[PDB]
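Notes to accompany the following structure.
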Amino acid sequence: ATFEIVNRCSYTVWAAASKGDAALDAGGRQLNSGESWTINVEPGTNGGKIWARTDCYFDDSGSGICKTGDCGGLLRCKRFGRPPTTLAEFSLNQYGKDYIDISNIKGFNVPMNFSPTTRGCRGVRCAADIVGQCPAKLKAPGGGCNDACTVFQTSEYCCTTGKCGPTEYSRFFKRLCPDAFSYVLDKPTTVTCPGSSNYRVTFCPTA
């Protein structure tokens, strides 16, 4: 499948793409405002993620540090990023269907739009001012709005027993971005698309 990754933010972001155990394509790249990066992901990819990182320094060997979404200090991510990160998640060619969603289970950093560029399904979006409204206990000094698991490490917020309910924190993310997963057991806002679809992810889709 082809993913085009479009930075519509006024600020530079460092896009990242991984399936946890490896890079997807180059794994990461700088995107200045308006730039687009087209990547190829292998059919059958299960548990792929896309996100933006903010405020990154990298040396000439591709080593450094971002304030949100850092993936062990590399430009080209092999691993998932440090929260807070708004996540585009996908599993492709799963019994003939692709499954997409946006998640705030690991917090929020940049607003996003994750849509098909082929026919047969709808996109999803989380484009509210979650950082501006974030609660002080979840505000990340680095930038962004953490999830309450990250911060408090309780069974309830992390859903460690497999039984958990929504919370004051999860409801905050849900109130602002109802189409994004707000906690691990939220009613699914997964979208099922035809197998082998192509997509666009747009950072700051409205500004």
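Going by mature numbering (1 follows the signal peptide of the UniProt record, and there is no 0), the first residue of the sequence shown is number 1, and it counts up by one from there.
Ideal placement from N, C-alpha and C gives every residue a C-beta, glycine not left out.
Identity of the residue in the options nearest residue i by Cα
i	options	result
residue 63	107, 88 and 14	14
residue 127	89, 45, 207 and 197	207
residue 125	95, 170, 200 and 147	200
residue 75	195, 66 and 159	66
residue 25	34, 134, 31 and 38	38
For residue j and residue i, the rounded distance between their alpha carbons
i	j	result
residue 165	residue 187	11 Å
residue 56	residue 80	16 Å
residue 148	residue 2	33 Å
residue 47	residue 87	11 Å
residue 136	residue 123	31 Å
residue 7	residue 202	6 Å
residue 194	residue 91	12 Å
residue 119	residue 191	13 Å
residue 150	residue 171	16 Å
residue 36	residue 196	21 Å
DSSP beta-bridge partners of residue i
i	result
residue 90	48 and 100
residue 7	203
residue 28	16
residue 160	According to DSSP, which records beta bridges pairwise, residue 160 is partnered with nothing at all.
For the segment 57–81, which segments carrying the beta strand (DSSP E) assignment without a break, of at least 3 residues, lie completely within its bounds, in sequence order? 64–68
Completely contained beta strand (DSSP E) runs for the segment 162–199, where each covers 3 or more residues: 191–194
At least three beta-carbon pairs within less than 8 Å, the segment 174–190 to the segment 136–145: A contact is defined here as three or more CB-CB pairs under 8 Å, and the segment 174–190 fails this definition with respect to the segment 136–145.
List, from N- to C-terminal side, the beta strand (DSSP E) runs of 3 residues or more that fit wholly inside the segment 97–148. 97–103, 112–116 and 124–126
Given 8 Å, three or more beta-carbon pairs between the segment 87–100 and the segment 151–168: no
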